[PDB]
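Residue numbers (PDB author numbering): 4 to 125, 127 to 261.
Ideal Cβ positions, reconstructed from N, Cα and C, are used throughout, including at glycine.
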Ligand SMILES: O=C(O)/C=C/c1ccc(O)c(O)c1
Ligand SMILES: [Zn+2]
């Protein structure tokens, strides 16, 4: 199957998922000088106070912290969005070195990692139906740079040993995702896609301008995870990021002047 290796990595995905060469693929490079401020963009509304996390799972490509999305608990609205989007899970993409790891880039700059808070449009009823729609998902992207530790990330770092290999999961209740947000909600937004197969073109991307800082020790722990399952040759889970894709006929809008 697909992955991030030399023989099954991003350059190969188009053979099983032709949409990989589509008109609105993600990630993209955000050219800060070309992005245009859009004064009509409403401020983002991130309501995570009633968030209910459930479990953390190593799925062989990244680890996902899953939330109960059977009710309007944790929701994203406003900004470029029409309607209410419910948080279903968050995950990260990271590198084998601090100089790479993010999927979106800013003026070609690569960050050490990137957090994706995934939300689906409640007008579509469930996640599976939402990914089949052009405005089905809203993903909040947050860059991570290596520096000071992020306290709100430590509980995730400490449970990683329990989900080292593909297919392993662990209880992960009472985790507050608000601890992963930067101070400012200034953002860039554009229409795009899932960045892993099936690469569906169903995402309104909202990428925050302000990165969060995490420590070298925190990201080092991410790099101890495994892509393989237990009892299989160890392949470290590093560089699970897709590189920037052609912008094509799209404009990236900024919420700030
Ligand atoms: O196939 C699915 O069921 C979900 C895929 C998925 C979900 C969230 C992402 O950011 C992404 O790249 C892919
Ligand atoms: Zn992602």
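- DSSP lists 69 and 121 as the bridge partner or partners of residue 92.
- Beyond the five residues adjoining it in sequence on each side, residue 251 comes within less than 7 Å, by CB distance, of 31 in the same chain, given in chain order.
- Straight-line spacing of the CA atoms in residue 125 and residue 86 works out to 8 Å.
- Annotation for residue 16: no beta strand (DSSP E) segment contains it, though the alpha helix (DSSP H) segment containing it runs 16 to 19.
- Ranking 209, 244 and 172 by CA distance to the CA of residue 235 puts 172 first.
- Distance between residue 111 and residue 34, taken at the CA atoms: about 8 Å.
- For residue 175, the uninterrupted beta strand (DSSP E) run begins and ends at 173 to 175, by DSSP.
- In this structure, the alpha-carbon of residue 247 lies about 9 Å from that of residue 14.
- By the C-beta density criterion, residue 96 is buried, having at least 16 other C-beta atoms within 10 angstroms.
- Closest option to residue 109, judged by alpha-carbon separation, among 206, 186 and 146: 146.
- One Cα belongs to residue 6, the other to residue 16, and the distance between them is close to 9 Å.
- Taking 7 Å as the cut-off, the C-beta of residue 198 counts as close to a heavy atom of ligand 1.
- Here residue 213 is buried. Its C-beta has 16 or more other C-beta atoms within 10 Å.
- With a beta-carbon spacing of about 23 Å, residue 59 and residue 210 fall beyond the 8 Å limit used to define contacts.
- Beyond the five residues adjoining it in sequence on each side, residue 23 comes within less than 7 Å, by CB distance, of 16, 17 and 203 in the same chain, given in chain order.
- By alpha-carbon distance to residue 141, the top candidate from 160, 80, 192 and 186 is 80.
- Less than 8 Å separates the beta-carbon of residue 215 from that of residue 114.
- Straight through space, the alpha carbons of residue 94 and residue 254 are spaced by roughly 26 Å.
- Residue 98 sits close to residue 243, with the two beta carbons spaced by under 8 Å.
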